[PDB]
Amino acid sequence: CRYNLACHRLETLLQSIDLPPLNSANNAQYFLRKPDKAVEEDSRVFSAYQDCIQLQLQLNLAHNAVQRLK
Amino acid sequence: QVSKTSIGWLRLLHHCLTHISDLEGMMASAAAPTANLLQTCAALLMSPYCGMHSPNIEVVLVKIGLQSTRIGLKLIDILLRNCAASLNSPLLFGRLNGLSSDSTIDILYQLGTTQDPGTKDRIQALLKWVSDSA
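Protein chains in written order, with the deposited numbering: chain A, 1926 to 1995; chain B, 3322 to 3407, 3414 to 3461.
This is how it looks when you write it as structure tokens:
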């Protein structure tokens, strides 16, 4: 349940994440100097992704322990 | 930037077009004819900030494109189809055709939704670009 909630958080945050293509000077500048809002969005995405990976690790460990017991 | 780029001329053109509204028309009429002006202004619009904020360039582009139907169609073609200039001749090879930004979207929206004799034709051109694309 917790990992599903974390995945939903990451999904909602990523659905608003956009990647400009590297095909113009303005996009190149976006990548050269990441704008502040992009920095905050990336920080939030990293936090949510770390939460998702930790909960995924815990879920797989719990599943393997349950398999040990079964 | 004014010393090292062409942006100063665009700031002058924006001042001429916008400073006194009652003269805008006349200024636009004097500015529309010059060859490759719309291509150059679009190139400056899609370039990284060089001393002129995007809204002013957009105002210049819209006011030129709206001063007659032919120029409006040319601006639509520049934004959607071919933005290159029409060893001394302007080239403007550097930018991919049809790239979109907030500025281009706003310009196209204003061209389509501005009510004047050319609006139909502009819409027509827009729709053409759609069908051709499809």
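No residue lacks a Cβ here, since even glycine has one placed at the ideal position from N, Cα and C.
Exercise. Between the stretch 3441-3448 of chain B and the stretch 3378-3391 of chain B, do at least 3 Cβ pairs fall closer than 8 Å?
Worked result: yes
Exercise. Helix, strand or coil: how does DSSP classify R3332(B) here?
Worked result: helix
Exercise. For the stretch 3335-3345 of chain B against the stretch 1973-1981 of chain A, are there 3 or more C-beta pairs whose distance is under 8 Å?
Worked result: The stretch 3335-3345 of chain B is not in contact with the stretch 1973-1981 of chain A.
Problem set entry | Under 8 Å (Cβ pairs) to chain A, residues found in the stretch 3368-3385 of chain B | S3368 and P3369
Exercise. For residue 3410(B), does the count of other Cβ atoms within 10 angstroms reach 16, so buried, or fall short, so exposed?
Worked result: Gap in chain B between 3407 and 3414; residue 3410(B) lies inside it and carries no coordinates.
Exercise. For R3422(B), which three-state DSSP category applies?
Worked result: coil
For this session: Compare the C-beta of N1948(A) against all C-beta atoms of chain B and say whether one is closer than 8 Å.
Result: yes
Exercise. Are any of the Cβ atoms in chain B nearer than 8 Å to that of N1951(A)?
Worked result: By this cut-off, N1951(A) is an interface position.
For this session: Specify, as a first and last residue, the run of the alpha helix (DSSP H) that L1938(A) falls within.
Result: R1927 to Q1940
For this session: State buried or exposed for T3431(B), treating a residue as buried only when at least 16 other CB atoms are found within 10 Å of its CB.
Result: buried
For this session: Identify every run of the alpha helix (DSSP H) within the stretch 3356-3400 of chain B, keeping only runs that are complete inside it and at least 4 residues long; order them along the chain.
Result: For secondary structure counted as the alpha helix (DSSP H) over 4 or more consecutive residues, the stretch 3356-3400 of chain B holds these complete runs in sequence order: 3358-3366 and 3375-3386.
Problem set entry | Positions along the stretch 3423-3442 of chain B whose CB lies within less than 9 Å of some CB in chain A | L3423, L3426 and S3428
For this session: Classify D1967(A) as helix, strand or coil using the three-state DSSP reduction.
Result: helix
For this session: For the stretch 1979-1990 of chain A and the stretch 3349-3365 of chain B, state whether three or more C-beta atom pairs, one from each stretch, are separated by less than 8 Å.
Result: no
Problem set entry | the stretch 1974-1991 of chain A: positions lying closer than 7 Å to chain B by Cβ | none
Exercise. Apart from the five residues on each side of it in sequence, which residues of its chain come closer than 7 Å, Cβ to Cβ, to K3395(B)?
Worked result: Around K3395(B): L3359.
Exercise. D3398(B): which of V3457(B), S3324(B), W3330(B) and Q3322(B) sits nearest, CA to CA?
Worked result: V3457(B)
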